[PDB]
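Worksheet for the structure shown next.
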Amino acid sequence: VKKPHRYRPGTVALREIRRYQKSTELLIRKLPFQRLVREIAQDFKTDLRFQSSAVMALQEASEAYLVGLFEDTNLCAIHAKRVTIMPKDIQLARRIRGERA
Amino acid sequence: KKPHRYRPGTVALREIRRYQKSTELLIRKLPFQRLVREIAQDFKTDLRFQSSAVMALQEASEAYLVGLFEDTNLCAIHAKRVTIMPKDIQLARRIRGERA
Amino acid sequence: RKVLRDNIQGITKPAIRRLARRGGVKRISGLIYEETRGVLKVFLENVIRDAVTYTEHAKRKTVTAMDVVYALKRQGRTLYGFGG
Amino acid sequence: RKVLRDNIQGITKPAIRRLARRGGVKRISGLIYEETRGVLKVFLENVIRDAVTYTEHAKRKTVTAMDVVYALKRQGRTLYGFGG
Amino acid sequence: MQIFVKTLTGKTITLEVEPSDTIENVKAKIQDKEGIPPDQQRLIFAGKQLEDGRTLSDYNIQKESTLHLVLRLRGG
Amino acid sequence: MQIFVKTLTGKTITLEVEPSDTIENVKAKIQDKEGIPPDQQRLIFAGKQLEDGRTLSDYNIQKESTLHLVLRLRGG
Amino acid sequence: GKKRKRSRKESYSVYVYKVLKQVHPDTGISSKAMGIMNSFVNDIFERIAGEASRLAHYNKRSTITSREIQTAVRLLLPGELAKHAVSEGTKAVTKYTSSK
Amino acid sequence: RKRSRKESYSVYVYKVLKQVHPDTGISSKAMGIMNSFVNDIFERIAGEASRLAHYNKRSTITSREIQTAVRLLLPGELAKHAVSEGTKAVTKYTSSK
Amino acid sequence: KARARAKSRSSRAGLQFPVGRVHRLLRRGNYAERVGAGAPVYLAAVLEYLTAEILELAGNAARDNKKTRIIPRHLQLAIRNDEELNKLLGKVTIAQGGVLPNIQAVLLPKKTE
Amino acid sequence: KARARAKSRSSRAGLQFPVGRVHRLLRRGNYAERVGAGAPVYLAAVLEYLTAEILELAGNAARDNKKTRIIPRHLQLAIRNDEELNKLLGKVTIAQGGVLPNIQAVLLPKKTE
Amino acid sequence: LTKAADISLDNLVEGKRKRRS
Amino acid sequence: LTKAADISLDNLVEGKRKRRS
DNA sequence: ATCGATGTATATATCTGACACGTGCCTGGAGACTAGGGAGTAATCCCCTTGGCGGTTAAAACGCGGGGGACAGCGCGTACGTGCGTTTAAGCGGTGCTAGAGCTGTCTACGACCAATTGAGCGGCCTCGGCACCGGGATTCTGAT
DNA sequence: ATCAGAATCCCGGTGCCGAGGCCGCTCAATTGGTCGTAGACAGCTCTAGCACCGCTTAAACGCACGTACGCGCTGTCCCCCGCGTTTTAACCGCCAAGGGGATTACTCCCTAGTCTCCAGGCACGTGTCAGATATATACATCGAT
């Protein structure tokens, strides 16, 4: 094969982080995100209707929400000096913000 | 030798039981007042207080810092370090967003 | 052809990664993808309820943008640009 | 006497410890006492301003309890029992 | 024909009735068995107010259709 | 006696005046040096409105007491 | 006699106190404890109104009726507690509805 | 059937734009931001002005009210300029016809 | 003339809160152009439901410390126990409150000692 | 008899916002029994101050990416830079916003001999 | 199935709500 | 020294506010 | 150290539809007037706040000594980043269908508003008991052995 | 565990001050009543939401490989906790004085309400240029040799 050039591990992300912070577009692929709602929608009431605009709002907020989640979350494992996140961090971070308790 | 010394940390765990058990205010009253009047002075000179009203701060203030420590407590715990460190506050506050 | 296949699994292991990039996360553990989808729904849950709740209070069968808005505000998440 | 002095140092190394106990903190680092007093004031700072601000808006020379109250509420800290 | 009524206590009262039976008749029967005079009584069907002259089939009230009991308090 | 006036631009205008000098006189002098007619002018002293017939010592306006300049716009 | 008289400072205390005997015929309450409740009402109370308010605009209604409040209730209260609150209020309305 | 004019601040927004930036344009979405953006601040203000009334038992919101609320609601130095512009405005409107 | 008895809307709901007084509040509350006649009633009871719902918790908790007179601590100790109510008041703090006794496990004593 | 002309309170303040329209809003805003005549003026300008204060930041930032037409990202990128404004809007999120490019140091790459 | 302020006032289970603690 | 809505409208320093970034 | 390929950066030309403009039509603000009650101001009151003083008494302070926790170094084990080939379904724009929102039009019920009568609710009052205080004896651990 | 040995808890006695209760006045609520309008409700049209399909392909999935990070271990050094004694000022109780906030009666400025009058502001239409999209090319740097 004569030696593929492989970017050192982690180098990809640091380009993506530059990239995905550089532009504005929505990371969740749209249509499935919609379907996710209609389910959850159904439980509170059957047979409900959406301005396709209105769905976009969630998407805008939802991504945005999780974004802000990661930052403190990022800080967490960093505060543990572990360059990788761990699920407890979310559980930690949310517990901190107080959405849980 | 002879003198019975509670193993380190044992005192606190009694205090934590104790100071969570009762309701009274941990900050000494009067100095806490003086602290205000200074800060008060800067925004306006010659101001007046219902001694009740001061108590409110004290109630809130202690309460505030109390809630601060819990997450703060969790922080160093999340670092598995049974002792707090100042960065934790700086961490925790920046988490709550009072800073940024 | 039936009903109810997957949904929430429709947020893909690569997709969330993209966010994490915008989140400034260098390396990601595997189990993250689980709990992530847990929180996401939980968030969307209470959010949707209210906009729904407004909506029925409007006696209108359709969720609008304004609905989602007023959901976030009494939530504390208040947003712009789809309102009005 | 001269002019007003230490003040903020008047929150004592043992005193804060008591809180930390109620905070459920087993062992405490030394530098905590510094940053602690930093935050405390910073908190009290914006808090007092508003009650003061109300107070002058009342054209009254005295801070009341109700003043501190309305400070906390538009702050988000809302409290009970000293409010009338 | 058997129907029920649900109360503030959630009490479920057994009722042997007929679709042509008047609210006048019904409350009286509740006055009859439960001793509570209609003066302080009203029964509900789907939130609507019941007049005596109306019968059950007037509201399309079917067998085992359960109703919402009310104590209307005049005085106090 | 020298006083000043501060503007929307914060311009500080040098003024050689006398405590018995009328607002009539003053604005005219500003009309005189700055060419801006009083029609669009008023000057402020401690938020109070200045009438021509009033003089400086009428308000206890002292030397180097600086004032708030106004362009009163009629039209537009 | 009666100088300069303190204008009656209204509370829910009595109202609170009545309720107490219905749930707990025995127990008493300290003014401070009472002071909690009296404040406690308004906070919930204002939270409610403001939301009822917001409904008006968003429907461009000029008037807050019952239907409003309930809608806000389901918003403001969490979980099952709402439904009972919904229930009691509803059960109340009907019982007041037939009144007079 | 069809009209009733849906009022915005857009034109008002758009005027301001040319004064600060004669060149630049704006997308409706971007515009849509501003129009909403106003009310949010705007309602925040009123409600606080409101609260003042009770706490002074005034029945009326005048200027003095709003300013007080301004210093509350806005952070830091930005307030003072806001205070300034509003003040500078009031005076300029005060002498008006 | 001769209004001839009296009755209170509160009694008319058989409820303890002053429907009348509340109904006054909204009128001046700047909460809407008009006030629905029905609303305050419905609005009233809700509180009259909550006020009990909380106190009941306190009283039971008040009996726990075996003091016949409710104190603030109880209310605090009461509120934080209900898993629902805590989320109602979480942003709110209580005078004389204190917090629930709580300890993190890893901080507990032993090591078996 | 002669209006003869016309004048707008906005012009009377020489300010771009519709004093009249705003002044209408408060009247129905359920914000008070009455509306002070002076207030809306003062209230108006404040916004007319802010609206500039923000846009100015955007425009400069808009020129930075060298696109003559303001976009949302700029506004977002604008707002988070001002250390004051961020605390105004911190609770608020923006459509098409994104966030500032930011990286934690310890996560930075290393040769760093 | 939420409604218009119906007569559905369905359950006196609140004791189970109180049981939640 | 805050006031009643005075004429103290003191400073056109906002550029320094804009400098803060 | 020099060498190559990868991704990003940038340059071009290119095609498209959104902003920004001009025109004309209408609704919300301006203008002018009245009548009424809010608030401002001034005149009296007394309550609450500050202040200053001195006695015991706990709390703050300070130091001492050594234990265990922080932190740094290292090494093992493995999970997560990267890349590629395989696989799946998002996004596109294009067509068709009617549900439901939004705009409309009439009638009237329900709320505000005014006045006159009535007790619910508040402050002021005193006595009384739930509970803060404690000195002694009951238990439930902590550390030493 | 097994020991004494603290420190904490639970208990019976005492004691005092705020609960919780009643006294009686008053002002907020209730009653009876008129007037008009907000909004209910039935009619009608016209947007955009849902549905459904297939050509295209960018994204997602799944697996292979190894690298560099999570974490577990150790090992040292010192920063806190415990505890005894030495030093300050918190606290309580007591009286003293006047500031300011609370309440009251009065007049007048200011704002709601109302009407008639018209351009500011809106939708609507339209034409072009800022910016997005596609494609070639130069610049930077990472990692392989």
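The first residue you see is number 1, and the count goes up from there.
So how was this one determined? The header says electron microscopy, 4.5 Å.
Note that Cβ sites are derived from N, Cα and C of the backbone, with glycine treated the same way.
Using a 10 Å Cβ-Cβ cutoff, B:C75 (S-palmitoyl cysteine) registers 26 neighbours. The annotation S-palmitoyl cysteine is assigned in Swiss-Prot to B:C75 on the grounds of similarity to another entry.
The Cβ of B:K1 (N6-(2-hydroxyisobutyryl)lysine) lies under 8 Å from the Cβ of no residue that sits 6+ residues away along the same chain. For B:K1 (among others), the entry in Swiss-Prot reads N6-(2-hydroxyisobutyryl)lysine, with the evidence type similarity to another entry.
Marked as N6-lactoyllysine by Swiss-Prot on the basis of similarity to another entry: B:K21 (among others). Listed in sequence order, the same-chain residues six or more apart from B:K21 (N6-lactoyllysine) with CB atoms under 8 A from its CB number zero; the list is none.
Per Swiss-Prot, the feature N6-(2-hydroxyisobutyryl)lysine maps to B:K44 (among others). Under the DSSP three-state reduction, B:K44 (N6-(2-hydroxyisobutyryl)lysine) is assigned to coil, being neither helix nor strand.
Cβ neighbour count for B:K44 (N6-(2-hydroxyisobutyryl)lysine): 14 (other Cβ atoms within 10 Å of its Cβ, all protein chains included). Under the heading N6-methyllysine, Swiss-Prot lists B:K44 (among others), citing similarity to another entry as support.
Under the heading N6-glutaryllysine, Swiss-Prot lists B:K44 (among others), citing similarity to another entry as support.
The annotation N6-succinyllysine is assigned in Swiss-Prot to B:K44 (among others) on the grounds of similarity to another entry.
Feature annotation from Swiss-Prot assigns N6-lactoyllysine to B:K44 (among others).
In this structure, B:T72 (phosphothreonine) is part of a helix by DSSP. The phosphothreonine annotation in Swiss-Prot covers B:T72 (among others).
Reduced to three states, the DSSP call for B:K80 (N6-acetyllysine) is coil. Annotation comment: Swiss-Prot describes B:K80 (among others) as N6-acetyllysine, evidence class similarity to another entry.
Look at Swiss-Prot and you will find B:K87 (among others) tagged as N6-succinyllysine, backed by similarity to another entry. Under a cutoff of 8 A between CB atoms, and with a sequence separation of 6+ in the same chain, B:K87 (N6-succinyllysine) has no neighbours.
If you look up Swiss-Prot, you'll see B:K87 (among others) marked as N6-methyllysine.
Residues or ranges marked as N6-glutaryllysine by Swiss-Prot on the basis of similarity to another entry: B:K87 (among others).
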Worksheet item: Looking only at B:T72, B:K80, which of these modified residues has the biggest number of Cβ atoms within 10 Å around its Cβ?
Response: B:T72
Worksheet item: Which state, by DSSP, holds B:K1 (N6-(2-hydroxyisobutyryl)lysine): helix, strand or coil?
Response: coil
Worksheet, complete the sentence: Check: min Cα-Cα distance from B:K44 (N6-(2-hydroxyisobutyryl)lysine) over recorded positions B:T72, B:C75, B:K80 goes to B:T72
Discussion item. Which secondary structure state does DSSP assign to B:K21 (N6-lactoyllysine), in the simple three-class scheme?
Written reply: helix
Item to complete: State the Cα to Cα distance, in Å, between B:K80 (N6-acetyllysine) and B:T72 (phosphothreonine), rounded to an integer.
Response: 12
Worksheet item: Cβ under 8 Å from chain I: which of the recorded positions B:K1, B:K21, B:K44, B:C75 qualify?
Response: B:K21
